[PDB]
Structure formats: structure tokens, C-alpha cells
Number of protein chains: 2
Amino acid sequence: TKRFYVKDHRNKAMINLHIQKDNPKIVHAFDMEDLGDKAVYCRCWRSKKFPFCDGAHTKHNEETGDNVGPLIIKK
Amino acid sequence: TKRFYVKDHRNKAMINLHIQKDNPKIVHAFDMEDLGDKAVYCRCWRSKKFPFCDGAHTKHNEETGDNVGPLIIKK
Ligand SMILES: NS(=O)(=O)c1cc(C(=O)O)c(NCc2ccco2)cc1Cl
Ligand SMILES: NS(=O)(=O)c1cc(C(=O)O)c(NCc2ccco2)cc1Cl
Ligand code: FES
Ligand code: FES
């Protein structure tokens, strides 16, 4: 049967679970001029160094089956 | 009682639900030189123009109670 399967539905789960929860919409804005050679930005909301990627996405992806990863601005 | 409350637990929900699901870890990398005056990057995995923000985060935040928003690289 399909009695164990949750049918297709509009998502209700949060993405960010703990970061800056007194801020109603977390936005970051950086000037290119202040960036060094490389900046690696977190898109999974699990990094301890958010907004910078710290490799936490690997645990997120393994535990949930997801496929997210960071955004890189270089040169 | 607390019979309606889901206790604190390690997350199991995905963040990305539909984007590039044949890619096992979605990473984007851009050279500053190719960026114009402003780039607004999606961190919610709902944008129709992912990896660029299209304001979909507003619906995500309203429907789930979350507080995520984009990453801006300017100048
Ligand atoms: N697309 S990938 O697997 O080769 C890749 C993957 C990753 C990754 O971290 O998975 C990455 N992050 C660099 C980093 C991590 C912490 C600080 O900088 C960069 C790249 Cl190019
Ligand atoms: N922190 S905020 O509420 O003032 C803000 C909020 C947003 C926002 O979209 O919520 C934003 N996005 C600009 C955009 C949207 C689509 C293309 O560029 C920029 C800013 Cl500075
Ligand atoms: S730690 Fe979040 S994308 Fe790498
Ligand atoms: S649409 Fe995803 S952060 Fe704006």
C-alpha cells in the first residue's frame, strides 16, 4: 500500500532553525571591495559561522537526504 | 498538557525540495569581475531564478514562520 507515504504537499518546515531568531528576515549585504580572494557563503542555515560556510551542509545533506551547498564569490 | 507539541529534536526535513535534484550537492561559484553593480542570491531554495533571489522567501517565511532572506554582493 501507500499507507506509510506522506503525499505531495506544500512545505511547512522551517529552513533556519536557530540563527538570529529575533530578526524577522535575515539578509546580509557585502561590498565586493571588502571581500578578499574568496568568500564561501552558507545556504543551509546550519553553519556555526553563518553567513560563512563551515561544511555543516554535509551533515544536513546526509541526515535529511538533501543536496544543498554554498555560494562562492572569488577573485 | 503537552500532548500536541513535538519535542526538540534533530531536524529531518529537507531545505531544497525541487532544485537540480540530480546534482548531489548544489554549489555555485562566481568571479567578482563578472558581477555587475548588484547580485542578490537566494538562500531559501524556493526562487524560480535560483541561485538569484526572486522574493519567494517572503512566501516561505509567511507559510512556515521562518526568517530567511537573501545574500547581497554589491558595488
Ligand atoms: N563543488 S565542490 O564539491 O568541488 C566544493 C565543495 C565545497 C564544500 O565545502 O563542500 C567547497 N567549499 C570550500 C570551503 C569550505 C569551507 C570554507 O570554504 C568548495 C567547492 Cl568548489
Ligand atoms: N534587509 S531589506 O529588507 O531592506 C532587503 C530585502 C530584500 C528582499 O527581497 O526581501 C532585498 N532584495 C532585493 C532584491 C529582490 C529581488 C531582487 O533584488 C534587499 C534588501 Cl536590502
Ligand atoms: S555550512 Fe551551510 S552551505 Fe556550507
Ligand atoms: S527567493 Fe530565496 S532568499 Fe529570496
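All of the numbers you see were taken from the coordinates with simple rules; none came from a lab. So basically every Cβ, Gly included, is an ideal-geometry build from the backbone, and we count neighbours across all protein chains shown.
On the stretch given as the stretch B:58-75, residues that are more than 9 Å from chain A (Cβ to nearest Cβ) and surrounded by 15 or more Cβ atoms within 10 Å (Cβ to Cβ) total 0. For first residues located in the stretch B:57-75 and without any contact (Cβ under 8 Å) to a residue 24 or more places away in the chain, partners that are small (G, A, S) and assigned to a loop (DSSP other than H, G, I, E, B) and lie 6+ apart or on another chain with Cβ distances below 7 Å form the pairs B:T64/A:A13. Taking the stretch A:36-67 as the range and being among the β-branched types (V, I, T), over 19 Å from B:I72 (Cα atoms) and near ligand 3 (Cβ under 8 Å from one of its atoms) as the test, only A:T58 passes.
Determine whether B:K21 is in a loop (DSSP other than H, G, I, E, B), more than 14 Å from the chain's Cα centre (by Cα) and not aromatic (F, W, Y). Answer is yes for this residue.
I want to confirm something. Restricting to the stretch B:19-57 and keeping residues that are of a type outside the set (F, W, Y) and more than 10 Å from chain A (Cβ to nearest Cβ), which single residue is surrounded by the most Cβ atoms within 10 Å (Cβ to Cβ)?
B:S47
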